[PDB]
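Taking the form deposited in one PDB entry, here's one chain by itself in structure tokens.
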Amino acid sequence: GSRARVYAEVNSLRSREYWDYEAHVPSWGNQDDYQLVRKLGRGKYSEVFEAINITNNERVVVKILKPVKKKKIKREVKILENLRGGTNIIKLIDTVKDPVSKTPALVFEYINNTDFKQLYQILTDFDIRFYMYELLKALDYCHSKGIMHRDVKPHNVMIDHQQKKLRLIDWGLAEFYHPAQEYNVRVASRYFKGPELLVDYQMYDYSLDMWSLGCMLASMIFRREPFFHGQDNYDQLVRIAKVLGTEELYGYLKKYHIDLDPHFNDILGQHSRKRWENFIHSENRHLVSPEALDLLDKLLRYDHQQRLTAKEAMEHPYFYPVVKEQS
């Protein structure tokens, strides 16, 4: 089997009520205090609005939850409660219901997001270090709280590039980590799915989020977004293997006794592991240092166990300029 190298037992060591979200009873406040201003987006199970609290004029974001198992709602609510105060985790202001329909909604702090497509073409070297460090604070926090996000991607990382504020949003796929538990591999967005998901390995952990973070780092330093652009879940693994290597994939599978869907036989081909320097060219050279490549190499690894933890990544020399500035 497999276990997280960090925070493996932290839910076991807490009160059952911490992680037994099905038993959680939220306190549902009154949505009538909020005026919806504009639609910001629509997810598979929610729609999101900018809003104003009419009682105090606070600008907020209201996530109206579409009908789903109330179990999934309790999970997201309990996770957000447990993460209260966490650095760079979106702040849950309240849990409310339409007082007539009883439809639930989550009220979050507002962030003035700069859409990532334009932003990621204009970041400086220091900006990338800064924002990756801020995102790592959120991941180390949630991992330390026994929670895997399972959907790290640019669309879930709100960045106010004027105030230099970052928040990790959309905890609707997040789950509690318990050692030896088998999890659904149908999580994360295609381009950010770790190889463990793509090969149907269910005994994954916090390190899934570190793969996704590595994908984001690669896209920022190299200016190829998304970095691994699969056409489907099968092709996603092929795109990874064309960089990390096919023999290297097979060694990973063998180590964890992972069975490979035979449809991969016709599409993986044979590929040597590539040097990360191969992705450097005149348009991105100013963003790519030895430190950046060393960090990236330690995140984008097949073996989920040997990827850096969020804390190990934060301690890497790549972030020394950020730490010194935050003196």
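One-based numbering along the sequence shown. The term rigid core refers to the most C-alpha atoms you can superpose between the two forms while keeping them within 1.5 Å.
- Stretches 56-64 and 41-49 differ in mean CA B factor, with 41-49 having the higher one.
- With 193-201 and 70-78 compared on mean CA B-factor from the PDB entry, the stretch scoring higher is 70-78.
- As recorded in the entry, 247 carries the highest CA temperature factor of 151, 247, 134, 125.
- You'll see in the entry that, of 311, 24, 304, 14, the Cα B factor peaks at 24.
- Sort the chain's modelled residues by C-alpha temperature factor and residue 253 lands in the middle third, per the entry.
- In this PDB entry, residue 102 carries a Cα temperature factor that places it within the middle third of its chain's modelled residues.
- Sort the chain's modelled residues by C-alpha temperature factor and residue 214 lands in the lowest third, per the entry.
- When the CA B factors of the chain's modelled residues are split into thirds, the value for residue 179 lands in the highest one.
- Looking at the C-alpha B-factors along this chain, the one for residue 236 belongs to the middle third.
Quick note: we don't show the form deposited in another entry, though the next part is all about it.
- Residue showing a CA shift of 2 Å or more between this form and the one not shown (rigid core superposed; candidates 186, 254, 71, 102): 102.
- After superposing the rigid core, the C-alpha of residue 264 moves by less than 2 Å between this form and the one not shown.
- Residue 42: CA moves 2 Å or more between this form and the one not shown after rigid-core fitting.
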